[PDB]
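K.L.:
Input structure: start_0.pdb, which contains PDB, C-alpha atoms.
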MODEL        1
ATOM      1  CA  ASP Q   1      58.621  15.218  18.469
ATOM      2  CA  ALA Q   2      58.745  14.060  14.818
ATOM      3  CA  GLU Q   3      55.146  12.761  14.615
ATOM      4  CA  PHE Q   4      55.802  11.742  10.986
ATOM      5  CA  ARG Q   5      59.044   9.780  11.423
ATOM      6  CA  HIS Q   6      58.108   7.038   8.923
ATOM      7  CA  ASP Q   7      57.069   9.016   5.790
ATOM      8  CA  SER Q   8      53.688   7.267   5.725
ATOM      9  CA  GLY Q   9      52.132  10.175   3.794
ATOM     10  CA  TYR Q  10      48.627   9.240   4.988
ATOM     11  CA  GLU Q  11      46.592   6.421   6.576
ATOM     12  CA  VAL Q  12      42.827   6.577   7.007
ATOM     13  CA  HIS Q  13      42.580   2.952   8.177
ATOM     14  CA  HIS Q  14      38.782   3.250   7.865
ATOM     15  CA  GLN Q  15      36.725   2.350   4.773
ATOM     16  CA  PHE Q  16      33.960   4.720   5.916
ATOM     17  CA  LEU Q  17      35.722   8.064   5.640
ATOM     18  CA  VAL Q  18      37.259   6.911   2.391
ATOM     19  CA  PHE Q  19      33.874   5.449   1.412
ATOM     20  CA  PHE Q  20      32.494   8.974   1.730
ATOM     21  CA  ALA Q  21      35.428  10.524  -0.137
ATOM     22  CA  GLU Q  22      35.059   8.218  -3.147
ATOM     23  CA  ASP Q  23      31.314   8.923  -3.377
ATOM     24  CA  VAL Q  24      31.089  12.625  -2.501
ATOM     25  CA  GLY Q  25      34.356  13.659  -4.196
ATOM     26  CA  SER Q  26      35.762  12.520  -7.551
ATOM     27  CA  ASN Q  27      39.134  11.827  -5.859
ATOM     28  CA  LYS Q  28      38.982   8.278  -7.255
TER
ENDMDL
END
Just give me the structure as structure tokens.

P.N.:
Amino acid sequence: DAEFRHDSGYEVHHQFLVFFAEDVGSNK
């Protein structure tokens, strides 16, 4: 219950998925 009880927003914790995101998408 309450699997967001911290208000983290997000956390990839992997510069591989994000690495893809940054390259493939113009997110940043």

K.L.:
Figure out the distance between CA of residue 7 (chain Q) and CA of residue 25 (chain Q), please, to one decimal in Å.

P.N.:
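Between these atoms lies a distance of 25.2 Å.
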
K.L.:
For the atom pair CA of residue 12 (chain Q) and CA of residue 28 (chain Q), what is the interatomic distance in Å to one decimal place?

P.N.:
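So the answer is 14.9 Å.
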
K.L.:
For CA of residue 8 (chain Q) and CA of residue 22 (chain Q), quote the distance in Å rounded to one decimal.

P.N.:
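Value for the CA of residue 8 (chain Q)-CA of residue 22 (chain Q) distance: 20.7 Å.
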
K.L.:
Rebuild region 2-26 of chain Q to N, CA and C atoms - output it as a short mmCIF file (atom, residue, chain, number, x, y, z; two decimals), in the coordinates of the input, please.

P.N.:
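The file below, out-v1.cif, is the result:
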data_model
loop_
_atom_site.label_atom_id
_atom_site.label_comp_id
_atom_site.auth_asym_id
_atom_site.auth_seq_id
_atom_site.Cartn_x
_atom_site.Cartn_y
_atom_site.Cartn_z
N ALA Q 2 58.67 14.84 16.09
CA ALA Q 2 58.74 14.06 14.82
C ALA Q 2 57.58 13.05 14.71
N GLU Q 3 56.39 13.59 14.71
CA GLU Q 3 55.15 12.76 14.62
C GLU Q 3 54.84 12.37 13.15
N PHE Q 4 55.90 12.13 12.42
CA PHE Q 4 55.80 11.74 10.99
C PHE Q 4 57.05 10.96 10.57
N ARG Q 5 57.78 10.56 11.58
CA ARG Q 5 59.04 9.78 11.42
C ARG Q 5 58.78 8.36 10.89
N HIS Q 6 58.42 8.31 9.64
CA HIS Q 6 58.11 7.04 8.92
C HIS Q 6 57.78 7.34 7.45
N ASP Q 7 57.41 8.57 7.18
CA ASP Q 7 57.07 9.02 5.79
C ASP Q 7 55.89 8.19 5.24
N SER Q 8 54.91 8.04 6.09
CA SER Q 8 53.69 7.27 5.72
C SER Q 8 52.87 8.00 4.65
N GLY Q 9 52.88 9.31 4.76
CA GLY Q 9 52.13 10.18 3.79
C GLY Q 9 50.69 10.36 4.29
N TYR Q 10 50.04 9.24 4.50
CA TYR Q 10 48.63 9.24 4.99
C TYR Q 10 48.22 7.81 5.37
N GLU Q 11 47.15 7.72 6.11
CA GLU Q 11 46.59 6.42 6.58
C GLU Q 11 45.25 6.71 7.24
N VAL Q 12 44.22 6.37 6.52
CA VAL Q 12 42.83 6.58 7.01
C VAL Q 12 42.47 5.40 7.92
N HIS Q 13 42.83 4.24 7.45
CA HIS Q 13 42.58 2.95 8.18
C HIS Q 13 41.09 2.78 8.52
N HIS Q 14 40.26 3.33 7.67
CA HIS Q 14 38.78 3.25 7.86
C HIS Q 14 38.06 3.43 6.52
N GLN Q 15 37.47 2.35 6.07
CA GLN Q 15 36.72 2.35 4.77
C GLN Q 15 35.29 2.87 4.98
N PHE Q 16 35.24 4.01 5.60
CA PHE Q 16 33.96 4.72 5.92
C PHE Q 16 34.21 6.16 5.49
N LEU Q 17 35.32 6.67 5.96
CA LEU Q 17 35.72 8.06 5.64
C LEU Q 17 36.07 8.05 4.17
N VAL Q 18 36.84 7.05 3.81
CA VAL Q 18 37.26 6.91 2.39
C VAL Q 18 36.01 6.61 1.56
N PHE Q 19 35.14 5.81 2.13
CA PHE Q 19 33.87 5.45 1.41
C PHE Q 19 33.13 6.73 1.01
N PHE Q 20 33.15 7.66 1.92
CA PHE Q 20 32.49 8.97 1.73
C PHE Q 20 33.26 9.73 0.65
N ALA Q 21 34.55 9.81 0.83
CA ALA Q 21 35.43 10.52 -0.14
C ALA Q 21 35.21 10.11 -1.59
N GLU Q 22 35.24 8.82 -1.79
CA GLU Q 22 35.06 8.22 -3.15
C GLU Q 22 33.70 8.55 -3.78
N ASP Q 23 32.71 8.62 -2.93
CA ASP Q 23 31.31 8.92 -3.38
C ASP Q 23 31.02 10.42 -3.58
N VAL Q 24 31.30 11.15 -2.55
CA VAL Q 24 31.09 12.62 -2.50
C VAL Q 24 32.05 13.36 -3.45
N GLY Q 25 33.30 13.02 -3.34
CA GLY Q 25 34.36 13.66 -4.20
C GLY Q 25 34.84 12.71 -5.29
N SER Q 26 35.26 13.30 -6.38
CA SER Q 26 35.76 12.52 -7.55
C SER Q 26 37.27 12.25 -7.40
#
